[PDB]
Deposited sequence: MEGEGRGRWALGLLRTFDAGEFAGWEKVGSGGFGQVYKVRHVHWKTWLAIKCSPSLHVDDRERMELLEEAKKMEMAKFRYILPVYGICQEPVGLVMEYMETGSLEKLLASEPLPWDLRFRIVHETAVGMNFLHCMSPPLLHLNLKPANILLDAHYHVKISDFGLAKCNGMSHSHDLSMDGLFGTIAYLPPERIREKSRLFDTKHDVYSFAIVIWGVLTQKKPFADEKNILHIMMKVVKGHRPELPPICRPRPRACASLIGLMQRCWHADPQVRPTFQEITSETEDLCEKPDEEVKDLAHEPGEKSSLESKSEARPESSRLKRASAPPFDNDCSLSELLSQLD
């Protein structure tokens, strides 16, 4: 059902190719008189593993069409690329590095992210994102969230930070919803601090092992402008990164809590 509504694009349809990635381009679609985004494959050869995986990525984005999930329009062949809605503000990662953000916006970003993740986990069967980090949380012109980057999702280096400890303890464990919950904990931490996690520490491997034994990013202090809400968010964050997956809350329980923070 997913591959049906998608379109094949041709590069002549696009103009004004302008790098936004980190490769991703903002392109004008001339006939539609609107801008779109296209994520082009890095590889030198137009490989058949990729062309099917980019389709998978697109197909999974269409299955989770929702307010807080990036819309997807289809595929380009001429350059192999995934075609999708353009988000004017860009990534959360970029926003956290740009300037201090008002607290009420921080709580809204967190909530909206939680709402979208809840939507994925409520599908039948659940859809695990497995790559939730600020670089894949996109923000529209009005700073509303749309989750993106479904390359690793399953219907069954920055990344070590977002990796759950059970994924380091066990070779080849079954992916579950509790993976996404841990990663979300590390997303909250970044929103609280506006820092990248472990950006100080040099021995990546040493930190890995410490994490297996319950070590996490340093807790931020309670902020002056919204100390009640901030304390509540820090507390939620901590339950979300618990070492035991089964103790971590569900996104159903999380969204209930983050909604109260937005008042």
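**Missing residue ranges, deposited sequence indexing starting at 1** = Going by the record, the segments left unmodelled (no C-alpha atoms) fall at 1-8, 31-34, 169-181, 289-342.
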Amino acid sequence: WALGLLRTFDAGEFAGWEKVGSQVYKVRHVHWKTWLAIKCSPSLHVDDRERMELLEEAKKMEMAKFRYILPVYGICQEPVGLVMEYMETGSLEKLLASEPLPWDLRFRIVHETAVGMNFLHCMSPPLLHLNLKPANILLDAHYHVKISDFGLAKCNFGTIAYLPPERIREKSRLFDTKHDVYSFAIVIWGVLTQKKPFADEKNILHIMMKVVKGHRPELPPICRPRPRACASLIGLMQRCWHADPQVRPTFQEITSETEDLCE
From here on, numbers count along this sequence of modelled residues.
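Basically, rigid core = biggest C-alpha set you can superpose within 1.5 Å across the two forms.
**Request:** Could you tell me which of the two stretches, 64-72 or 48-56, has its Cα atoms lying farther from the shown structure in 4 other deposited structures of this protein after fitting on the rigid core?
**Result:** Comparing 48-56 with 64-72, the one that moves more in 4 other deposited structures of this protein is 48-56.
**Message:** Do the Cα atoms of 157-165 or of 173-181 sit farther, on average, from the shown structure in 4 other deposited structures of this protein when the rigid core is superposed?
**Reply:** Comparing 157-165 with 173-181, the larger C-alpha deviation in 4 other deposited structures of this protein belongs to 157-165.
**Item:** Between 68-76 and 108-116 (mean CA B-factor, as deposited), the higher
**Value:** Per the deposited B-factors, the answer is 68-76.
**Of 157-165 and 181-189, the one with larger mean CA B-factor** = Per the deposited B-factors, the answer is 157-165.
**Message:** Among the choices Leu236, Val46, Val27, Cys223, identify the one whose CA B-factor in the record is greatest.
**Reply:** Highest CA B-factor of the listed options: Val46.
**Asked** What third of its chain, lowest, middle or highest, does the C-alpha temperature factor of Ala199 fall into?
**Response** Answer is highest: the recorded C-alpha B-factor places it there.
**Ranked C-alpha temperature factor of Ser41 among modelled chain residues, by third** = According to the entry, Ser41 has a C-alpha B-factor in the chain's highest third.
**Prompt:** With respect to C-alpha B-factor, does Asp140 fall in the lowest, middle or highest third of the chain as deposited?
**Reply:** It falls in the bottom third of the chain.
**Message:** Lowest, middle or highest third: which one holds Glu85 when the chain's residues are ordered by CA B-factor from the entry?
**Reply:** Its C-alpha B-factor, which the entry lists for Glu85, ranks in the lowest third among residues of this chain.
**Request:** Pull the Cα B-factor of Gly214 out of the PDB entry and bin it into the chain's lowest, middle or highest third.
**Result:** Highest third, going by the recorded CA B-factors of the chain.
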